[PDB]
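So this first bit is one chain, no partners, the form deposited in one PDB entry, shown in structure tokens.
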């Protein structure tokens, strides 16, 4: 209940469905059932300006997964133009050093789209070049970024947030797709974005999830993981959610998210 993705195109919808199904299927034996209140799994603004749905599976202890979060947001800006955000993120706990996973599509017009697809690092890459070799050089991650760039309507996306720029790995696909034809953008999605996203997901599941972390290393992991979670919720939710949904709906959803993220 979330898998409806009602406000987006079928191609995008199918991609989000493929990805969420793959995650839930491959990690079933390590994923708890969703425990969010129903008034947090699906919520909206009293005035009808915004609608969202949230799906969070916590991971078992003795397992490497902290949680998995899937979401969609639909928000009709007073102008009449609707903002549609869809995302799947995978967070690993401090029992492993391996990278997280994120896919996010952010679309305002029929022809323009921001893609964020990455396996965010959980160790300092400069202190730990061995980590960099292990999870990014040895894998084929950079090729997805590169292959997507070839396309004439795909250009680099440079976040206005310096924090988001620093939190993604050096292989991250941060892309702005500007296909001035709805037909072309959807063609980009199924032929290009979709195989990229599915392939990035596969290396996360086999190379990061599947497989001891030292006392001070785990403490470092938790500290950095917590810093990431705390800062991003402050930037992304603590002003945009009260605005999109009202202060009633936000406070309870934000609290539920904070609790889930352990912040």
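Between two forms, the rigid core is the largest collection of C-alphas that superpose within 1.5 Å. Residue numbers count along the first chain shown, from 1.
Another form exists, solved in complex with a small molecule; not displayed. Remarks below refer to it.
Peer 1: Decide yes or no: are 69, 104 and 228 jointly within 4.5 Å of the small molecule in the deposited bound form, with each residue judged by its heavy atoms?
Peer 2: Verified in the deposited bound form; spot residues all in contact, yes.
Peer 1: Only one of 93, 171, 89, 139 has a non-hydrogen atom within 4.5 angstroms of the small molecule in the deposited bound form; which is it?
Peer 2: Result of the distance check: 89.
Peer 1: Which of 49, 30, 35, 232 has a heavy atom within 4.5 Å of the small molecule in the deposited bound form?
Peer 2: Checking each option against the small molecule in the deposited bound form, the one that comes within 4.5 Å is 232.
Peer 1: Taking the small molecule as it sits in the deposited bound form, is residue 85 in contact with it (heavy atom to heavy atom, 4.5 Å or less)?
Peer 2: Yes, residue 85 is a contact residue.
Peer 1: Within 4.5 Å, heavy atoms only: does residue 164 come near the small molecule in the deposited bound form?
Peer 2: Residue 164: contacts the small molecule in the deposited bound form.
Peer 1: Does any heavy atom of residue 237 come within 4.5 Å of a heavy atom of the small molecule in the deposited bound form?
Peer 2: Output for residue 237 is yes: heavy atoms within 4.5 Å of the small molecule.
Peer 1: Any of the heavy atoms of residue 116 lying within 4.5 Å of the small molecule in the deposited bound form?
Peer 2: Looking in the deposited bound form, residue contacts with the small molecule include residue 116, since a heavy atom lies within 4.5 Å.
Peer 1: Looking at heavy atoms inside 4.5 Å, which stretch does the small molecule contact in the deposited bound form, given the options 128-136, 181-189, 146-154, 104-112?
Peer 2: The contacting stretch here is 104-112.
Peer 1: Determine, with the core as the superposition reference, the one member of 109, 155, 137, 146 that shifts its CA by 2 Å or more between this form and the one not shown.
Peer 2: Flagged residue: 109.
Peer 1: Relative to the form shown here, do the C-alpha atoms of residue 111 and residue 195 sit closer together or farther apart in the deposited bound form, given a change of 3 Å or more?
Peer 2: Compared with the shown chain, residue 111-residue 195 is farther in the deposited bound form.
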